[PDB]
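The block underneath contains the structure these notes are about, expressed in structure tokens.
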Amino acid sequence: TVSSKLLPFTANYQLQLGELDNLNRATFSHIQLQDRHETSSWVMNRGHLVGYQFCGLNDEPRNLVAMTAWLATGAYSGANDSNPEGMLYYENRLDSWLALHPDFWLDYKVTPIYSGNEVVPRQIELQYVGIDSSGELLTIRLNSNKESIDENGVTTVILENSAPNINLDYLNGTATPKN
């Protein structure tokens, strides 16, 4: 609350979805919760903005954007939560954070970043901080170089929506391999 970036602290579970913009693109997904709340070319798969493990959301368009597997999982297939270039890395650690701070809240915002009329965003921003029983803020440090802490202790991480073996057309939302 001493931060404008965060959802106002009512002390209940909150899910605010941004409306679709003029181009029908998801604009953000914002969650405030506790550990007890827990649950030739191809076209790109849609990934979650705020992970299913947090928000329970089932193909809700306002929580989906075209995304490489490498960004969503850290890996070409499966999952690698040690790759700090993937979302899993941070999602798993936030979930771990929640389990160790059962008495605190997680405020977590996920914002796709687009240029022009592209349907595929270039980047995803993860914004996270903890809040205590009395609305005080607690910095959450996930040990990644991408992190950037603001004047209030709120952390933002900019992730590239891409993959090392893939050529994306961000306008049309197609992917072809690198030749």
Side-chain angles (χ1 to χ4, degrees), residues 5-39 41-81 83 85-102 104-114 117-131 140 142 155-163 166 168-170 172-175:
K5 297 181 190 181
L6 316 184
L7 273 188
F9 183 43
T10 68
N12 308 241
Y13 176 88
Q14 311 178 51
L15 190 48
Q16 198 179 98
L17 300 176
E19 93 298 292
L20 301 178
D21 64 20
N22 48 304
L23 274 160
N24 289 341
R25 305 173 296 198
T27 54
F28 71 82
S29 172
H30 201 162
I31 203 170
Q32 199 171 265
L33 83 172
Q34 288 189 299
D35 179 65
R36 41 179 212 77
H37 300 290
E38 223 184 358
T39 306
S41 63
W42 68 94
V43 302
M44 293 174 63
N45 308 93
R46 304 298 273 186
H48 296 260
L49 298 159
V50 158
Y52 179 116
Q53 42 163 329
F54 309 100
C55 72
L57 275 186
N58 249 30
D59 57 336
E60 154 57 73
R62 280 167 291 185
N63 197 69
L64 300 176
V65 293
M67 208 185 265
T68 57
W70 170 269
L71 168 58
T73 72
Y76 305 100
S77 77
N80 174 4
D81 78 341
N83 181 352
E85 291 181 343
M87 284 168 86
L88 198 64
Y89 178 94
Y90 304 85
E91 297 169 322
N92 284 354
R93 301 158 174 76
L94 288 170
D95 188 58
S96 291
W97 186 91
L98 270 179
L100 293 186
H101 304 93
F104 301 108
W105 293 74
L106 181 49
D107 183 283
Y108 181 42
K109 197 194 197 170
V110 180
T111 301
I113 305 294
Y114 313 85
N117 314 143
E118 287 163 8
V119 297
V120 182
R122 299 289 179 132
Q123 300 179 318
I124 305 270
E125 286 191 344
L126 277 41
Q127 181 192 271
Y128 47 82
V129 73
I131 298 163
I140 299 182
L142 307 189
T155 308
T156 302
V157 160
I158 287 160
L159 301 188
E160 192 180 84
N161 188 17
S162 66
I166 261 147
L168 300 194
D169 183 348
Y170 292 93
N172 305 107
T174 57

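All heavy atoms count here, side chains included; hydrogens, waters and symmetry mates do not. In what follows, residues are counted from 1 in the order of the sequence shown.
- In terms of modelled atom types and a separation under 3.5 Å, the side chain of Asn80 and the main chain of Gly86 share no donor-acceptor contact.
- Evaluation of the side chain to side chain donor-acceptor pair (under 3.5 Å) rule for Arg122 yields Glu118 as partners, not counting sequence neighbours.
- The ring-ring contact (aromatic ring centres under 6.0 Å, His included) search around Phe28 returns none, not counting sequence neighbours.
- For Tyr89 (side chain) and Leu142 (main-chain N/O), a donor-acceptor pair under 3.5 Å exists by modelled atom type.
- Scanning for side chain to side chain donor-acceptor pair (under 3.5 Å) contacts around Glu85 gives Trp70, with sequence neighbours left out.
- To the nearest 0.5 Å, atoms OG1 (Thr10) and CD (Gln32) are separated by 6.5 Å.
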Verdict with supporting geometry, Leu159 and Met87, side-chain contact (heavy atoms from CB on, under 4.5 Å)
CA-CA 8 Å; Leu159 301 188; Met87 284 168 86; 3.9 Å; yes
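- Here the OG1-CG distance, from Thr155 to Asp107, works out to 11.0 Å after rounding to the nearest 0.5 Å.
- Between atom CZ of residue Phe54 and atom CG of residue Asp95 there is a gap of 5.5 Å, rounded to the nearest 0.5 Å.
- Judged by distance alone, with hydrogens and angles left aside, the side-chain atoms of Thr73 form no donor-acceptor pair with the main-chain N or O of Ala79 at under 3.5 Å.
- Residues satisfying the ring-ring contact (aromatic ring centres under 6.0 Å, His included) test with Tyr128, not counting sequence neighbours, are none.
- Using a 4.5 Å cut-off on side-chain heavy atoms (C-beta onward), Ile140 and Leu94 make contact.
- Applying the side chain to side chain contact (heavy atoms under 4.5 Å, CB included) rule to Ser41 yields the partners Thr174, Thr176; only residues at least two apart in sequence or on another chain are considered.
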Using the side-chain contact (heavy atoms from CB on, under 4.5 Å) rule, take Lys109 and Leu49 through it: C-alpha gap first, then chi angles, then the decisive distance, then the call.
CA-CA 8 Å; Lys109 197 194 197 170; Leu49 298 159; over 6 Å; no
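- Contacts of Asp81 classified as side chain to side chain donor-acceptor pair (under 3.5 Å), with partners at least two apart in sequence or in another chain: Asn92.
- Of the inter-residue distances, the one linking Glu38 atom CD with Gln53 atom CD reads 7.0 Å to the nearest 0.5 angstrom.
- Residues satisfying the side chain to side chain contact (heavy atoms under 4.5 Å, CB included) test with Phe104, not counting sequence neighbours, are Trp97, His101, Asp132.
- Among residue pairs with one or both ends in residues 67-80, none qualify as salt bridge (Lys or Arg N to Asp or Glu O under 4.0 Å); sequence neighbours excluded.
- Under the rule for a side chain to side chain donor-acceptor pair (under 3.5 Å), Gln123 has no partner lying at least two apart in sequence or in another chain.
- Distance alone, capped at 3.5 Å, places no donor-acceptor pair between the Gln16 side chain and the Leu7 backbone.
- The line from CG of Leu126 to CD1 of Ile158 is 10.5 Å long, rounded to the nearest 0.5 Å.
- Annotation: side chain of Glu125 is in contact with side chain of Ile113 (closest heavy-atom distance under 4.5 Å).
- In this structure the side chain of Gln14 never reaches within 4.5 angstrom of the side chain of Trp105, judged on heavy atoms.
- Side-chain atoms of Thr27 come within 3.5 Å of backbone atoms of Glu19 as a donor-acceptor pair (strictly under, hydrogens ignored).
- The salt bridge (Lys or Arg N to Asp or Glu O under 4.0 Å) contacts involving residues 62-78 comprise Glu60-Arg62, where partners must be two or more places apart or lie in separate chains.
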Start with the C-alpha distance between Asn161 and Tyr114, add both sets of side-chain angles, then the distance that settles side-chain contact (heavy atoms from CB on, under 4.5 Å), and finish with yes or no.
CA-CA 10 Å; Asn161 188 17; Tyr114 313 85; over 6 Å; no
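- When side chains are defined from C-beta on, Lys5 does not count as touching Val129, because their heavy atoms never get closer than 4.5 Å.
- Exactly one of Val65, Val119, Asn172, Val120 qualifies for a side-chain contact (heavy atoms from CB on, under 4.5 Å) with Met44. That residue is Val120.
- Nearest heavy atom pair, residue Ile31 against residue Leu33, reads CG2-CD2, 4.0 Å.
- Every residue two or more places apart in sequence or in another chain that forms a salt bridge (charged side-chain N to carboxylate O under 4.0 Å, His left out) with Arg25 is listed here: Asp21.
- Applying the ring-ring contact (aromatic ring centres under 6.0 Å, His included) criterion to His48, with sequence neighbours excluded, gives no partner residue.
- Across all non-hydrogen atoms, the minimal contact from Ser162 to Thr68 is O-OG1, 2.6 Å.
- Nearest heavy atom pair, residue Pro61 against residue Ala26, reads O-CB, 3.7 Å.
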